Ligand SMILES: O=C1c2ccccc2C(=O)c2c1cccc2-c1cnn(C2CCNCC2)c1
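First comes one chain, alone, set out as structure tokens in the form solved without the ligand.
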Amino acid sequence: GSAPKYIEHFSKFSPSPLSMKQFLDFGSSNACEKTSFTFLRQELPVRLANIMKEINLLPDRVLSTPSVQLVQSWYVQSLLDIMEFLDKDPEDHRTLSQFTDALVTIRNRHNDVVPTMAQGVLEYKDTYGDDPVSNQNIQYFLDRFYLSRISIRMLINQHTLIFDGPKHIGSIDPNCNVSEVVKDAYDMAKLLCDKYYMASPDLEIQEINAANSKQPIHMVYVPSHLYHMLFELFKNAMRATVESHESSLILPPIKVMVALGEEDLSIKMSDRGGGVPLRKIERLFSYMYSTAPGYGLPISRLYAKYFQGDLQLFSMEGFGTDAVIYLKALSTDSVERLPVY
């Protein structure tokens, strides 16, 4: 076969990160389908090949494991499926139809990568140990591999959702109300909290629109990404609040503040769930130390970094914990953050 040659070829190119503005242009209408096709048939084999080349540079004890070999085989087959469209005529509507179907197949083929990679981390822990050096190398790899996974699925979702034969532009909402996304994630976490604990903290949301007080805070963003981050944080905040008050009756609420500045849109979640000692904070974002015989927090932070944001945790042991999602307020500053190869 030619898979090694394709990896070598397309890995010589750097991924081209896109801004929110560029995403809104690719999705502005159905006429852009041909442009999206000619862009993606080149960009997807670049992004695939770059992460596939990094996967081949892993130590032999990692590379030869069934999980890494299984993931590799998926990224080889996906790479080859895109290779078929490099010679096809974009003017043939059938070519465009086949391309969209191929992307859906690729997306589904990789649906179980995150659980498959977690199995590998557990195997490593039991086969070679959970030492700090291993933690750093695994953390470095998975942060980049998961960041690479997010950027590829973003490209695929934008094409398949928009060119299917409007206010939202695929997965992007140009008028995303952050508080509405905050109330959706809470309600879902609450539903689970009531089922498991038969009790749930209330929610308090406050908005600070510095430039235009009292005006609802809106932004251009991917609400599914924002939901994932807030849902993961709400689940942790509710578990901590309920469990730390099992012997008392009062249940402090979870407070959320949504602040809009000149360049930051910040979302702080605050609970009184007893807190975490500083020594144990970084373990919460570690793939290796979070793997036991999930990855919500580390992946949530990658969603935040993906458009030049961040997700940070600050606790006060004996009281509670704060989490801040930092997002870019302006679509001009919202640009893909891709692994530096």
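Here, rigid core means the biggest group of C-alpha atoms that superpose within 1.5 Å across both forms. We number the residues from 1 along the sequence you see.
Checked against the other entries of this protein, residue 68 counts as resolved in every one of those spanning it, not missing from a third of them. Compared with the other entries of this protein, residue 132 is consistently built, present in every one of those that build its neighbours rather than absent from a third. Coordinates are lacking for 4 to 9 deposited residues between residue 165 and residue 166.
Between 268-276 and 36-44, it is 36-44 that carries the larger average Cα temperature factor according to the deposited entry. Checked against the record, the higher mean CA B factor of 316-324 and 6-14 lies with 6-14. Residue-level inspection of the entry shows that, of 232, 184, 207, 91, 91 has the top Cα B-factor. Of the candidates 58, 281, 311, 51, the one whose C-alpha carries the top B factor in the deposited record is 58. In this PDB entry, the Cα temperature factor of residue 27 sits in the top third of its chain's modelled residues, the highest group. The PDB entry assigns residue 74 a C-alpha temperature factor belonging to the middle third of its chain's modelled residues. Split the chain's modelled residues into thirds by C-alpha temperature factor. Residue 247 is in the highest one.
In the PDB entry, residue 66 places in the middle third of its chain by CA B-factor. In the deposited entry, the Cα temperature factor of residue 259 places it in the lowest third of its chain's modelled residues.
This protein has a second form, the form deposited with the ligand bound, left out of what is shown; the following refers to that one.
The site on the displayed chain is open: the ligand, placed by C-alpha superposition from its pose in the deposited bound form, has no atom within 2.4 Å of a backbone or C-beta atom. Highlighted residues 85, 97 and 105: none comes within 4.5 Å of the ligand in the deposited bound form, counting any heavy atom. For residue 303, no non-hydrogen atom is located within 4.5 Å of the ligand in the deposited bound form, even though that partner is not displayed. The closest non-hydrogen atom of residue 329 lies beyond 4.5 Å of the ligand in the deposited bound form.
The ligand in the deposited bound form comes within 4.5 Å of a heavy atom belonging to residue 23. In the deposited bound form, none of the heavy atoms of residue 64 sits within 4.5 Å of a heavy atom of the ligand.
The partner is not shown here, but in the deposited bound form the stretch 14-42 reaches within 4.5 angstroms of the ligand through a heavy atom at 16, 18, 22, 23, 26, 35, 36, 39. Superposing the rigid core between this form and the one not shown leaves a single residue from 111, 213, 73, 248 with a C-alpha shift of at least 2 Å: 248. Relative to the superposed rigid core, residue 91 undergoes a CA displacement smaller than 2 Å between this form and the one not shown. With a cut-off of 2 Å and the rigid core superposed, residue 30 has a Cα displacement that reaches or exceeds the cut-off between this form and the one not shown.
Once you line up the core between this form and the one not shown, the Cα of residue 130 ends up 2 Å or more from where it was. Three angstroms is the minimum change: in the deposited bound form, the CA atoms of residue 93 and residue 31 sit farther apart than in this structure, by 3 Å or more. In the deposited bound form, the separation between the C-alpha atoms of residue 31 and residue 20 shrinks by 3 Å or more relative to the displayed form.
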